[PDB]
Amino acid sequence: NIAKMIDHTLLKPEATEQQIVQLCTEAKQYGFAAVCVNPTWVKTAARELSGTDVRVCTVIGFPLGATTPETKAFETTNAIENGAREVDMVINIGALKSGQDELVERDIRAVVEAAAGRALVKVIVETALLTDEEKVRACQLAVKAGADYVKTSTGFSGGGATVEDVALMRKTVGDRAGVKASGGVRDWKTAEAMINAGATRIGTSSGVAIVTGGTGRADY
C-alpha cells in the first residue's frame, strides 16, 4: 500500500517526452499515487493517465521559489487547466530569510487561492537552506495560508529529506497538513524510515525499487 504514498517523479530539465511517457507507464503498472513532472509535461501526463487513479502533480516556482506570487498563481491555474490535480510549490526562501513573513504567506496563499480547491497544494520548504526555526516558521505559514502538505526538499539543493526534519515538520503541522519526504529517498529502507518519522507522501524517482522492496527488476 506504500505505492499510494509515492509521487513518481521526473524533473530533470533535459527530460524528454519518451521518458515522461515511460514514467506514466510505470505509475499505471505499480499504482503510484501520482506522477510529478514539470508544468510543460502536465498535459502529456494527463493524457497518459486518463481513466486511471494516478494523479498528475506538477511543481510551481520550482526549484528556486524566487518568482512573484502572481506568476506562481498563474502557473497554478494554467497547470490545473492542463490537467494537474496536485501542485508542489517552492516557498519564497529569500523572503523567509529576509524576515518578510507577510510575503511568504501571501505567496503561498496566491497559489492556494489560484487552486481554489481543485488541486492539492504542497509547500516545499527546502530544508537544506533553513535553520530549524525557519523550517518550523515555514510550516506554520504554510498551514496558515491553507496549504495541504509541507515537503522537505526540491532535490536541486544541497540536501534531501532527513528523519529529523520530517519529524520536526510533522510535530509542527500536527494533523492540519500532510508531510512529504523528498530528496535522497532512493530505497525502501529510507522510505520506511521517513514514513516512521511522520511522512505521508514520498517524492522519489526510485518508486519501483521502493514498492518491490528491492526484489524487483532494474533495482540497481
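The numbering used is simple: start at 1 and walk along the sequence shown.
S.K.: If you average the CA temperature factors over each stretch, which comes out higher, 99-107 or 122-130?
M.R.: Averaged over C-alpha atoms, the B-factors run higher in 99-107.
S.K.: Mean C-alpha B factor from the entry: is it higher for 48-56 or for 63-71?
M.R.: Mean C-alpha B-factor is greater for 48-56.
S.K.: Thinking about Cα B factors across the chain, which third does residue 180 belong to?
M.R.: Lowest third - that is where residue 180 ends up once the chain's C-alpha B-factors are sorted.
S.K.: Tell me, lowest, middle or highest third: where does the Cα B factor of residue 143 rank within its chain?
M.R.: Ranked within chain, residue 143 CA B lands in the highest tercile.
S.K.: If you rank every modelled residue in this chain by C-alpha B factor, which third holds residue 18: lowest, middle or highest?
M.R.: Its C-alpha B-factor belongs to the highest third of this chain's values.
S.K.: With respect to C-alpha B-factor, does residue 11 fall in the lowest, middle or highest third of the chain as deposited?
M.R.: CA B-factor rank for residue 11: lowest third.
S.K.: For residue 161, return the chain-relative third of its C-alpha B-factor as stated in the PDB record: lowest, middle or highest.
M.R.: For residue 161, the deposited C-alpha B-factor lands in the middle third.
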